[PDB]
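There are 4 protein chains.
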Amino acid sequence: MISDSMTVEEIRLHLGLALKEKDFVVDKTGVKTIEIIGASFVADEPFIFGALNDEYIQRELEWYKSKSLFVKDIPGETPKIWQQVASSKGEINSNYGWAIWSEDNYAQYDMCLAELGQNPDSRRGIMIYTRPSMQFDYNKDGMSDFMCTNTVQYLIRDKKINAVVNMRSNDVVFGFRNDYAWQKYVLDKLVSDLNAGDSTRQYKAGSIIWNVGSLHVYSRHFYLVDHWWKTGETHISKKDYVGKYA
Amino acid sequence: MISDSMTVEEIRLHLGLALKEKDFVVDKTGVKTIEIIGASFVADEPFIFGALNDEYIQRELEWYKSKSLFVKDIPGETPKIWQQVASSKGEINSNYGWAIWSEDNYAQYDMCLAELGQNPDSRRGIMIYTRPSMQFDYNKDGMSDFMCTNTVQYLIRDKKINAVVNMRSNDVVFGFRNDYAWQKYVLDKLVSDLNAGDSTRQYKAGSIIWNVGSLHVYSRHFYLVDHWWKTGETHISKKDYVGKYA
Amino acid sequence: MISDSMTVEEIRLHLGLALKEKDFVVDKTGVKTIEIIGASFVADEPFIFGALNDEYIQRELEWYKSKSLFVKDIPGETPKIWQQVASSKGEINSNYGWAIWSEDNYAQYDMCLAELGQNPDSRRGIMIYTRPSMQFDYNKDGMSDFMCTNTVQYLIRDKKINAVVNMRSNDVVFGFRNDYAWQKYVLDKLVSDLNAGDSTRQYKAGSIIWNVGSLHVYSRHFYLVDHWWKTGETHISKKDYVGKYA
Amino acid sequence: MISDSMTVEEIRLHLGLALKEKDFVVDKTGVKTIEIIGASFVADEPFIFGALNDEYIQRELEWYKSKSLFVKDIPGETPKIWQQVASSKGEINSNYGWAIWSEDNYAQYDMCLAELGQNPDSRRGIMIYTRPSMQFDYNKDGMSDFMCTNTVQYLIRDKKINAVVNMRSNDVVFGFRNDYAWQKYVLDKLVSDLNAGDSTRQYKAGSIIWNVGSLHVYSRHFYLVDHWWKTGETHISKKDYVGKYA
Ligand SMILES: Nc1ccn([C@H]2C[C@H](O)[C@@H](COP(=O)(O)O)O2)c(=O)n1
Ligand SMILES: Nc1ccn([C@H]2C[C@H](O)[C@@H](COP(=O)(O)O)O2)c(=O)n1
Ligand SMILES: Nc1ccn([C@H]2C[C@H](O)[C@@H](COP(=O)(O)O)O2)c(=O)n1
Ligand SMILES: Nc1ccn([C@H]2C[C@H](O)[C@@H](COP(=O)(O)O)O2)c(=O)n1
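Protein chains in written order, with the deposited numbering: chain A, 1 to 246; chain B, 1 to 246; chain A', 1 to 246; chain B', 1 to 246. A prime marks a further copy of an entry chain.
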């Protein structure tokens with residue numbers, strides 16, 4: 001059986017409770033955050049707070065597909081968040097396409113596919129993003145990029161494929177929305193590739209279980225939580241917002 | 001805030017429900033298991049079903065401390081479970097002492113200690129057990145040992161250090177009891193070392209949160225689940241047991 | 001006066017000298033090239049090395065005429081070189097017909113025609129291919145197509161119309177042959193259209209001056225340079241070739 | 001290899017030959033010019049004919065740094081050449097600081113720096129000054145300013161950075177001296193910024209290659225060419241000059 005987990009709605013409630021109680025934690029940049037530690041929930045919605053920007057997600061998907069570890073290869077103008085985190089040559093660590101499709105990271109996609117193709121019940125169907133050398137690699141050439149995704153395991157039960165996503169650190173507003181788009185993409189891909197290998201498999205995408213060490217909102221997005229707490233709306237324009245989180 | 005997780009007592013209940021409903025899954029050895037996928041609970045007891053064998057746990061601790069990748073170096077008679085999984089030269093992968101203390105695995109314990117000593121609020125305080133090359137390493141020289149522990153992250157909040165344990169696969173009866181004893185040991189050690197570096201820290205051991213891709217019971221231990229379901233006792237002698245799981 | 005420039009024969013000689021001296025530069029694909037920087041010569045021959053394929057050039061002319069930015073609209077089977085450089089929807093940037101005849105690129109042909117029709121001596125008769133936004137456009141939707149032609153200026157002196165072609169990057173073997181066919185076409189067109197406006201003009205096509213930032217040969221075509229260096233023949237079948245550039 | 005180009009001394013010779021032969025072309029103002037079409041030379045001197053006025057060049061540098069498209073913002077008294085070419089509100093197009101540093105022109109300097117910092121061997125390292133809409137923009141609000149510089153490309157070879165400057169039109173006497181001072185400034189800046197990003201790069205300024213569609217001298221400066229032809233002096237006072245170009 002799949003575990004009886006929280007949903008995104010209940011995560012929203014706990015994040016609102018945390019802000020209500022001023023349970024703040026100081027980020028490495030010096031700014032405040034609210035936070036749930038050891039979060040586990042079914043990702044039954046594609047975002048938590050904020051708006052869906054399918055345009056950005058598609059540019060990031062194309063970058064993942066290229067497997068490039070240089071932020072300039074992100075289609076179009078590179079987001080400043082990617083610029084500030086990059087090395088002195090424009091390099092990073094956290095291209096998730098490189099992580100699962102590069103032979104440099106030991107063919108994570110292909111090996112998980114072969115595993116599950118040979119034994120559908122396997123507990124060893126897993127894609128390993130992070131690496132032991134990350135202790136030293138995260139600030140190579142002055143980058144600041146310690147891999148936030150650790151592992152994603154895939155379990156086929158009742159002809160549905162469930163993903164168990166293990167993250168170290170996930171921003172609620174931008175992080176989860178982008179990362180979920182990615183994990184949903186890869187799950188759909190895996191289902192396709194297994195079904196294409198044998199037409200009697202008839203697998204379907206199951207649940208994505210999201211496990212996060214520190215799931216947090218930054219102070220600049222507190223107004224989103226505050227507004228939802230008052231009104232029940234998961235998004236406002238920063239201009240239309242009124243309340244103490246200015 | 002720390003998430004509102006299940007406790008061991010609730011995990012027992014769900015496993016008892018899975019057996020009651022005959023929710024069986026076939027293991028790679030061909031034997032049946034019951035199973036919870038994407039389990040997440042606070043490890044608030046040192047075992048789930050069965051009895052505590054402090055003698056064995058101490059021998060396995062001594063083996064971890066040696067950092068030896070050979071099963072003959074387990075003090076005394078090497079258990080058969082370790083023999084059947086070892087390579088042709090008696091080698092394995094899953095010595096957790098090697099994983100956190102060897103320089104070959106990039107000094108996991110020391111680097112996580114240095115991180116947390118420099119920034120107590122860090123989300124980057126983590127010990128990475130598994131590795132990308134595990135896709136190929138798990139059956140080197142004919143061993144069968146795919147690393148079950150992925151990562152353990154440590155978060156200091158309110159002067160308590162919480163451990164978030166991410167496992168791929170965990171046997172409920174033997175695995176959890178031994179693995180919990182290990183993770184408790186390391187958490188206590190980390191607290192001590194951080195406190196020894198500065199006497200004003202005054203950190204204390206917090207919660208151990210257990211995240212398991214597949215948390216399962218093998219058919220040979222079904223009689224334990226069944227007996228608990230009927231009586232509420234978490235252990236019987238296999239000889240004293242009466243019921244249909246013989 | 002028109003400047004005393006190199007000819008194609010002298011370009012051949014310098015390219016042979018570069019290969020002789022192993023003056024190699026590593027392409028972005030990881031492969032080797034020889035190269036002349038800041039090349040300037042009169043294009044007094046329709047190719048440098050290799051053979052003329054009038055069949056391909058005509059298919060590319062028809063695509064230019066359609067002004068389509070999708071590579072599938074190239075008549076017949078699309079060359080793989082155009083496929084690998086295209087976006088995820090089959091789109092590119094470098095349709096030169098779009099560049100000079102589209103109203104989206106500000107009517108370059110028509111405006112240059114009007115300029116030269118009004119003042120034959122003008123220094124402002126120019127067709128601008130590239131654009132400032134090319135810094136961001138070159139990898140839109142995952143294409144890899146940074147416009148190689150910058151500008152072509154047209155100067156009418158002594159009743160002859162001279163073209164000054166400014167390119168960023170030009171492949172010696174395929175690039176120059178195709179691109180020259182195009183630039184010769186447009187020059188002949190411009191002469192026709194100006195003569196048709198006034199029968200007393202009697203303009204004639206003059207010289208095409210080719211200016212290239214990086215004029216290069218890829219390693220897979222080194223055998224052409226090598227063979228010419230030994231024999232003086234500007235083409236061999238790859239099968240008939242014998243020498244160290246296999 | 002860098003192409004074997006003419007030097008400034010040879011350009012002087014060809015201009016002296018053109019005047020000797022009365023190879024005149026009528027300017028748009030109705031005045032005569034001598035002219036070299038498709039000129040390409042290494043700028044190995046900071047001027048061709050005339051005298052260096054470091055005072056004026058510094059004022060024009062300060063104007064470029066402000067990025068202002070209004071000629072009144074040139075420090076001190078705005079030169080009449082800039083007044084007669086400006087629009088009804090004093091606006092122009094050809095502030096080169098605006099061209100390379102404004103976000104309105106798509107961040108030319110920064111993007112070329114990011115390209116070359118990521119791949120030193122790149123052929124895509126370029127600053128695009130002009131734009132397709134210049135066909136309409138050159139006489140906006142009655143200005144007369146059609147961008148004279150098209151593109152400048154930068155190529156790093158043998159740890160030297162070579163600039164390839166592509167101009168549509170360049171006055172030999174005032175234009176080249178001012179424009180060269182500008183391009184030298186930017187090349188030195190780019191070297192500094194690349195070296196500051198990584199101390200092992202150790203790049204040095206290479207050659208500036210000057211490519212001009214129409215390189216010309218106006219009739220009011222013919223006395224300079226004539227005097228040099230006779231004596232070899234690259235400058236005279238107009239009062240001290242004696243000869244038929246009065
Ligand atoms: N795909 C990603 C990459 C990064 N992060 C966020 C999580 C943290 O807010 C920050 C990483 O910081 P740290 O390394 O300090 O956790 O980036 C994320 O949510 N998802
Ligand atoms: N420290 C460990 C090592 C192994 N296992 C158990 C979990 C599975 O029952 C088995 C590994 O099998 P698989 O690799 O098929 O998951 O070993 C465990 O519980 N804890
Ligand atoms: N009409 C074209 C289009 C492209 N290229 C060649 C020049 C380079 O070999 C490559 C472009 O690569 P880069 O953008 O890296 O210069 O394509 C060319 O010669 N002519
Ligand atoms: N930075 C600049 C700007 C302009 N010009 C000169 C070249 C021509 O003499 C004139 C522009 O005229 P046209 O647009 O007719 O070429 O200005 C120049 O030399 N350099």
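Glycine residues also receive a C-beta, built at the ideal position from the N, C-alpha and C atoms.
On a CA-only basis, which of the options is nearest residue i? Give me that one, please.
{"i": "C148 of chain B", "options": "A:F136, A:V164, A:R123", "result": "A:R123"}
{"i": "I37 of chain A'", "options": "A':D193, A':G213, A':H221, A':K28", "result": "A':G213"}
{"i": "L187 of chain A", "options": "A:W63, A:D141, A:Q83, A:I100", "result": "A:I100"}
{"i": "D179 of chain A", "options": "A:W229, A:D193, A:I208", "result": "A:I208"}
{"i": "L215 of chain B'", "options": "B':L17, B':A39, B':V26, B':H14", "result": "B':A39"}
{"i": "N170 of chain B", "options": "B:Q108, B:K230, B:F47", "result": "B:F47"}
{"i": "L113 of chain B'", "options": "B':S87, B':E103, B':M127, B':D104", "result": "B':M127"}
{"i": "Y56 of chain A", "options": "A:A181, A:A107, A:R201", "result": "A:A181"}
{"i": "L13 of chain B", "options": "B:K230, B:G30, B:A246, B:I81", "result": "B:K230"}
{"i": "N119 of chain A", "options": "A:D104, A:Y154, A:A86", "result": "A:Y154"}
Please report whether the beta-carbon of residue i lies at a distance below 7 Å from any beta-carbon of chain B'.
{"i": "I36 of chain A'", "result": "yes"}
{"i": "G97 of chain A", "result": "no"}
{"i": "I128 of chain A'", "result": "yes"}
{"i": "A43 of chain A'", "result": "no"}
{"i": "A18 of chain A'", "result": "yes"}
{"i": "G90 of chain A", "result": "yes"}
{"i": "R131 of chain A'", "result": "yes"}
Does any residue of chain A' have a CB that is nearer than 7 Å to the CB of residue i?
{"i": "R124 of chain B'", "result": "yes"}
{"i": "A39 of chain B'", "result": "yes"}
{"i": "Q135 of chain B'", "result": "yes"}
{"i": "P79 of chain A", "result": "no"}
{"i": "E62 of chain A", "result": "yes"}
State yes or no: is the beta carbon of residue i nearer than 7 Å to at least one beta carbon in chain B?
{"i": "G175 of chain A", "result": "no"}
{"i": "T200 of chain A", "result": "no"}
{"i": "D121 of chain A", "result": "yes"}
Short check: CB of residue i to CB of residue j, under 7 Å?
{"i": "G117 of chain A", "j": "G197 of chain A", "result": "yes"}
{"i": "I11 of chain A'", "j": "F41 of chain A'", "result": "yes"}
{"i": "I236 of chain A'", "j": "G206 of chain A'", "result": "no"}
{"i": "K72 of chain A", "j": "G90 of chain A", "result": "yes"}
{"i": "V173 of chain A'", "j": "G50 of chain A'", "result": "yes"}
{"i": "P75 of chain A", "j": "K28 of chain A'", "result": "no"}
{"i": "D158 of chain B'", "j": "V26 of chain A'", "result": "no"}
{"i": "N211 of chain B'", "j": "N93 of chain A'", "result": "no"}
{"i": "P132 of chain B'", "j": "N105 of chain A'", "result": "yes"}
Residue i lies in the alpha helix (DSSP H); which residues open and close that run?
{"i": "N178 of chain A", "result": "175–197"}
{"i": "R131 of chain A", "result": "Looking at the DSSP string, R131 of chain A is not in any alpha helix (DSSP H), and its letter there is neither H nor E."}
{"i": "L116 of chain A'", "result": "108–118"}
{"i": "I81 of chain B", "result": "80–83"}
Per DSSP, what kind of secondary structure is residue i in: helix, strand or coil?
{"i": "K20 of chain B'", "result": "helix"}
{"i": "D171 of chain A", "result": "strand"}
{"i": "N105 of chain A'", "result": "helix"}
{"i": "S66 of chain A'", "result": "helix"}
{"i": "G76 of chain A'", "result": "coil"}
{"i": "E91 of chain A", "result": "strand"}
In terms of residues, what are the limits of the beta strand (DSSP E) holding residue i?
{"i": "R157 of chain A", "result": "149–157"}
{"i": "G38 of chain B", "result": "32–42"}
{"i": "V225 of chain B", "result": "Note, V225 of chain B: premise wrong, no beta strand (DSSP E); alpha helix (DSSP H) at 222–231."}
{"i": "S214 of chain B'", "result": "204–218"}
Kindly say whether residue i, judged by its beta-carbon, lies nearer than 7 Å to any beta-carbon of chain A.
{"i": "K140 of chain A'", "result": "yes"}
{"i": "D158 of chain B", "result": "no"}
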